[PDB]
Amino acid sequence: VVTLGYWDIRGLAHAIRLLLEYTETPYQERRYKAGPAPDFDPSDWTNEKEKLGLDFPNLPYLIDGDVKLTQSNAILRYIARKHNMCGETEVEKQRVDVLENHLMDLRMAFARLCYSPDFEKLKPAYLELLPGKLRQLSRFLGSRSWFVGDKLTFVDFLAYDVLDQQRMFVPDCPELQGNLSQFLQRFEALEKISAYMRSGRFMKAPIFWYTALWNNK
């Protein structure tokens, strides 16, 4: 049994949670709590940051016995290696590495906007360059089942999470209809993922920390 440590929000741990469910890895969760508004006291975490034995303490973390990890990408790669959900050939590895890093860029660009107090002033600019970014991903996937080829890999779980955040933001964006819509359903159709979403362990919201100008709950 493994332990996943993160806040009581969706954030970065969403794709990790889906992956642990898909792989049927026995896990429990250390959800951390902030104090009330407006202070949002990080005490719950900060009093424990150093006593966990992590090499570079951060959130999320995963503990699997004496394996003690930080960094979301690193945590996903670890579960993926135990389940053969990494690339197999070099071209598949090239696809994983590029997408892993590109999706973080798209991730990070969206978070910046929703955390900035100039949110309203920045919104239109983001929405302009968005369809083009979406068109790039639509070109990449092509008529493929999954993003790296025929095999489901952990990058598909990142793609879904990133795509899901954009769909929650502007659900009417026509560049999200097409093979990119096909992809979202096909992932949600997966046996273990669908049953996870039908349960009460599922966290569709909030995507962001409470000090964000945008959220879904």
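The first residue of the shown sequence is 1; numbering continues from there.
Between the two ranges 91-99 and 117-125, the one averaging a larger CA B factor in the entry: It is 117-125 that shows the higher mean C-alpha B-factor.
Average Cα temperature factor in the PDB entry - higher stretch of 162-170, 42-50: According to the entry, 42-50 carries the higher average C-alpha B-factor.
Per the PDB entry, maximal CA B factor within 28, 153, 58, 177: Comparing C-alpha B-factors across 28, 153, 58, 177, the maximum falls on 177.
Ranked against its chain, the third holding the CA B-factor of residue 203: Its C-alpha B-factor, which the entry lists for residue 203, ranks in the highest third among residues of this chain.
Entry-reported Cα temperature factor of residue 182, expressed as the chain third it lands in: Its C-alpha B-factor belongs to the middle third of this chain's values.
Relative C-alpha B-factor of residue 4, binned into the chain's lowest, middle or highest third: Its C-alpha B-factor, which the entry lists for residue 4, ranks in the lowest third among residues of this chain.
Assigned third (lowest, middle, highest) for the C-alpha B factor of residue 84: It belongs to the highest third of the chain when residues are ordered by C-alpha B-factor.
B-factor third for the C-alpha atom of residue 133 within its chain: Middle third by C-alpha B-factor.
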